[PDB]
Amino acid sequence: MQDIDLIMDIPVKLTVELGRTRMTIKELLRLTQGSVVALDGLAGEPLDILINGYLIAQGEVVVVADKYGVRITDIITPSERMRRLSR
Amino acid sequence: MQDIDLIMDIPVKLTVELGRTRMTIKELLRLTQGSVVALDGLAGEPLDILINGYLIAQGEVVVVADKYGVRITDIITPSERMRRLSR
Amino acid sequence: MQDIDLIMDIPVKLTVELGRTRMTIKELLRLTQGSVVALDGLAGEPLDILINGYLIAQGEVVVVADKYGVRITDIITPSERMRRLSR
Amino acid sequence: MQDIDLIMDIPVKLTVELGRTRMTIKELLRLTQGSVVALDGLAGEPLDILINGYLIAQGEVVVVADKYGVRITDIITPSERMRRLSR
Amino acid sequence: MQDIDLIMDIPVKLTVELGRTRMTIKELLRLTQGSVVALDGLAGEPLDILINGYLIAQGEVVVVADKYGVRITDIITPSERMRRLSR
Amino acid sequence: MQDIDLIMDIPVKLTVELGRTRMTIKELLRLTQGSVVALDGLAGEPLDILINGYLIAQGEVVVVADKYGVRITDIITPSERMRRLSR
Amino acid sequence: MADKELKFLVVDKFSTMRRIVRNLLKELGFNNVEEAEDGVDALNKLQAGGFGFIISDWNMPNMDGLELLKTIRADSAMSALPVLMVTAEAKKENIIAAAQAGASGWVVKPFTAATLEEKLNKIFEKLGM
Amino acid sequence: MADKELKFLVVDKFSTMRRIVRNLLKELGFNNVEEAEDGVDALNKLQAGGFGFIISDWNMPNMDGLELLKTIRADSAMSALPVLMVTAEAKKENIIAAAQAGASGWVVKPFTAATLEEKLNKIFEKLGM
Amino acid sequence: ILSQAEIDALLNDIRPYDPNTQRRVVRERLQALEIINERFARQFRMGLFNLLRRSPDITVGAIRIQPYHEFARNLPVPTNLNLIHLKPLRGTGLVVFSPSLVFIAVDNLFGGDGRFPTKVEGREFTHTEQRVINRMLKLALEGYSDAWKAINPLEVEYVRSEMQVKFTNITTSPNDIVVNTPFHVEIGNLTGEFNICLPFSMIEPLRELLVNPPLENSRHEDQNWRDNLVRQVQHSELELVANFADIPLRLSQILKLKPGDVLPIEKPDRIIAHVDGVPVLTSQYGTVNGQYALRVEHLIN
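Presented here is an overview of the structure given in this document. (Residues numbered from 1 in each chain as written, not as in the entry; some residues may be left out. Chains lettered and ligands numbered in written order. Part of a larger assembly, values for the part shown. Heavy atoms only, no water.)

**What about a positive patch on the surface?**
Together, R22, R83 and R87 of chain B, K13 of chain C, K13 of chain D, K13 of chain E together with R22, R83 and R87 of chain F line one region of the surface with positive charge. With respect to the helices and strands, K13 of chain D occurs in strand β1 (residues 11–24). Judged by relative accessible area, which is 45%, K13 of chain D ranks as partly exposed. (Patch = residues over 30% accessible without salt bridge, like charges linked within 9 Å, V, L, I, M, F, W, Y side chains within 5 Å. Areas by Shrake-Rupley, 256 points an atom, 1.4 Å probe, with all protein chains shown as cover. Salt bridge = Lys/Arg side-chain N within 4 Å of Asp/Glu carboxyl O. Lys, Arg positive; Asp, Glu negative; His and termini not counted. Charge placed at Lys NZ, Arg CZ, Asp CG, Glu CD. Helix = DSSP H or I, 4+ residues; strand = E, 2+ residues; numbered from the N terminus. Buried < 20%, exposed > 50% of the residue type's maximum accessible area, 1.4 Å probe, protein only.)

Quick look at the structure:
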């Protein structure tokens, strides 16, 4: 696991996405202050967790002492990998 | 190997640095188009290879068919690691 | 100009990057002495100039009397910056 | 220990740092009289103790009869050396 | 040796003094560009070597490849120590 | 001018430093008679001029009739001072 | 590699052409170059000695390149001295006559620096220099 | 090292050249220098004696350098006196004639102080001074 | 015509410091001086072509830097030495004309075919030769002044003429460092040379200006470039470090430090914030939102 620790010694960035949606640019131009945009994800569903833009897990939003937090729920595996690929 | 594959399914960015130097902001303001800045590294020395800003190896510049390339020479190694951190 | 001088009395570090590339950790482990790594930047393209890790300009490699040098070519500008970001 | 006493006979300066933080120069220019800057260290954590700019120990703030004081808590060792290096 | 290593992991500054002399402030004000000031040390005598302002040895000036250098000659020694303190 | 004369009626000591360098105590113990120590200042650069340990000007070494002398070249100035400090 | 201190004698009726040849030789690393206006002056300077290579024009006043080459070859002390012939017209008869006289090379005006360098390299390789 | 009190006789038809040579000798540490305008005056001063070195020009009125050197060598009391020859034109025939006459050295105008110092050092080494 | 070597053939990292060397030498290349010399060279070539009705070839040699005594020792004698002043810089410059170049110019001006070179006999230059040297020097000074305009406008003024180096007195000491730029001039089959020697102290104030190879700038394009560069740099991050106080101690006391040991320090009225060791401001310390905070009082100007 020497090479494993070697690579682990690299800082990386984690990204949590609230949701995804598709819209036309005309609709984007119709958006002003106070405009409302709906997301394709249902309310309460676990949010996507991304490492450098790569989805690796899903989590739920929590509040920690005055700060937002993500509760790790479930990872991926080629099954989910393919599942989300198809999804 | 299982964790090795799990982290293998992740994209990362590699960075090659030509050299490092220290200068004052006044000197930076004195720089215009065509100005010359010297680097602390000697000409021909292997260039630092960084993963997400972390130095892990050194390499030499080569040209590949019309593209720049870096020839892997040697790993960073930890005594040199502390030494460069101290630098 | 007063604030300009106040911040002028500060030293900062300038960083020039040869190029950027993405590879898997398995490929990194497959790298030994003499291994070859290709960069995403074409040979001859101006190299990225960074201040404390922030890209602000681009330059070309020159040799000054026995030392490497970077010839200032053009500022980063917003569009090129956003393009590199999307990259 | 003759050479040891020989070198000990040299006055040296000790420096205690309240905390460290990173900010942009624009934010520094936005700072005026009464401005507030947050530090990366949690309130109550032992403060870094430096000898000629070299971190060798950590301590806690105390008041001695009308003067500030630092209570020595814990030193370093390559483990903490590397630990803070990684930290 | 343990304490020797513990203090070895510390950077210190070394100072070499060309010579010492005493003069009045009026004479200092009489000094302009091109003025000549004599030193109490004879030409060719080894120069004082100081660590953080503490005299510990004496050395001779040499030129190394394009750089000034000091050739270690003899330690300060304590009888001479008191004598110079008295001077 | 009155206060100028009042402080003029005072003797002060002027100190000229050949150069500065940093080394470990182990390296200092490795120094014997005839040992060579390099200085961080380039050969020929003007030497630091200090009043009671305070750097106020720079000068060049000259020989006066059988005695060493320092030729006043330029005052310390704030920027060069801060630069030496950061050094 | 050929000796960079080799002495070159450039013979031509035009001073500008001689200067051009001298500059081309300097760009090739040869700095010991002397100039001659005609065959008579070239022979007079050759009698001084010390030359290792000759670049001469074909048509020159009071002595042409062929006669100068024949005189050089007739002299025992200079029979082995290489001579480079530069001409404006590459007539076959003149080239054959020069080859029979012992010409080391042939250059046709106008020419490039690459051609001159190639001719010099070939002559040096033939002489083992 | 050569004796710094050695007496030098500088012979030249131009006073400015003689002054230049005297100053160059003074910069080299030789202060006993006398000047002669031609070969006749040089021989007359040599008959006085006390000179240890001679620097003479080649072309001088009423006596050239070669005749002066021949006269010096023909004199038993001065046959071993070193003579330095300075000329404006270094013709091979003149140099050979001077060497046959017994010239200790040869300098060609214009020259630098380094060349003169080198010639003097070589002459002194040959004479064991 | 036998050279000196032919005449001879036929006839036969630690260094001690000398304080008499004035080691203030520029190990950096003076490109700008090279560009000025090239421009001067071309402008003079033209002037010589106009004056002599012949096309001259002027080659700029390497800019060798050496002590003044070495430069004097390598000057052929006799020679035409001209003292010039480069206003507003302080000092006296030298324009050295070799006798061969003077003789070639005299030959060309007075109908000389160039087939009979004049051998230097060591005589003084005549009044007509002096006037010719005058004209050549005026052309050279005009070319030099025009060449220096692009980098730093300087006025070149002739002072006096000398034939021996001892009378120049352009340097305080023989060991002083001077900058000499040799030039080679070829006219037909005749070759001449001249040298421009400048003491380093004269050009020492312009050291930075001489260093980099500079040219082709602007006033408004450069203004916009500088403004945008200033805007871009403002986004860079810095590490702000605040020191609580400083304690003067000894290394022995450091070795005796143990958990619980209390070190007395002077209470600071203000906290100084340092960026890479450079103080930038003074402030009071406090706690805001559960973190240590600094209340800025003054900015170090």
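**Some words on the packing of aromatic side chains**
For any pair of aromatic rings, the description consists of the separation of the ring centres together with the inter-plane angle of the planes. Inspection of every chain in the model, using the stated rule, returns 24 aromatic pairs over all chains. Taking the centre distance of 5.3 Å and the plane angle of 85° together, the rings of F40 of chain I and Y144 of chain I count as edge-to-face. With a gap of 104 residues between them, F40 of chain I in helix α2 (residues 31–52) and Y144 of chain I in helix α5 (residues 127–148) connect regions that are remote in the sequence. Here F40 of chain I matches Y144 of chain I in class, with each residue buried. Three or more aromatic residues joined by ring pairs form one cluster here, namely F40, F44, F97, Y144, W148, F183 and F194 of chain I. One residue, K7 of chain G, lies across the ring of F51 of chain G, its end atom 4.4 Å from the ring centre. (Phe/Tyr/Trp six-rings, centres within 6.5 Å; stacked < 30°, edge-to-face > 60°. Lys NZ or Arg CZ within 6 Å of the ring centre and 35° of its normal.)

**Details of the packing of helix α3 (residues 65–74) of chain G against helix α4 (residues 92–101) of chain G**
Residue and element names in this part refer to chain G. For the pair α3 and α4, the least separation of the axes is 9 Å and the interaxial angle reads 15°. The orientation of α3 relative to α4 falls into the category roughly parallel. Considering only the axes of α3 and α4, their crossing is left-handed. Residue-level inspection shows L66, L69, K70 and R73 of α3 in contact with α4, the latter providing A97, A98 and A101. Here the residues of the contact of α3 with α4 sort into five nonpolar, no polar and two charged. (Axes fitted to C-alpha atoms, helices over the stretch in contact; angles between N-to-C directions. Parallel < 35°, antiparallel > 145°, perpendicular 65-115°, else oblique. Left-handed = near helix turned anticlockwise from the far one by under 90°. Contact = heavy atoms within 4.5 Å. Nonpolar A, V, L, I, M, F, W, Y, C, P; charged D, E, K, R; others polar.)

**Considering the interface of chain I and chain D**
Of the residues lining the interface, 43 residues belong to chain I; the matching set on chain D comes to 46 residues. Buried area between chain I and chain D, both sides added, is near 4300 Å², and the carbon and sulfur share of it is 66%. Seen at the junction of chain I and chain D, the total is zero salt bridges. Our count for the contact surface shared by chain I and chain D stands at 18 residue pairs in polar contact. Secondary-structure elements contributing two or more residues to the side of chain I that touches chain D are β9 (237–250), α9 (251–255), β10 (262–264), β12 (278–288) and β13 (291–299) of chain I. By residue number, the principal contributor to the side of chain I that touches chain D is β9 of chain I, which donates 14 residues. For the side of chain I that touches chain D, the residue count by class is 26 nonpolar, eight polar and nine charged. Note: strand β2 (residues 36–42) of chain D against β13 of chain I, four bridges, orientation antiparallel. By the bridge assignment, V37 of chain D is partnered in β13 of chain I with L294 of chain I. (Buried area = accessible area lost by both parts, 1.4 Å probe. Polar contact = N/O pair within 3.5 Å; in protein donor to acceptor, adjacent residues only side chain to side chain. Pairing = 2+ DSSP bridges.)

**Focus on α3 of chain G**
Residue and element names in this part refer to chain G. Taken together, the buried positions of α3 are occupied by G65, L66, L68, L69, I72 and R73. End-on, the buried residues of α3 take up no more than an arc of 160°, which puts them together on one face. On the buried face of α3, the contacting elements are α2 (39–48), β3 (53–57), β4 (83–87) and α4. (Arc of directions from axis to C-beta.)

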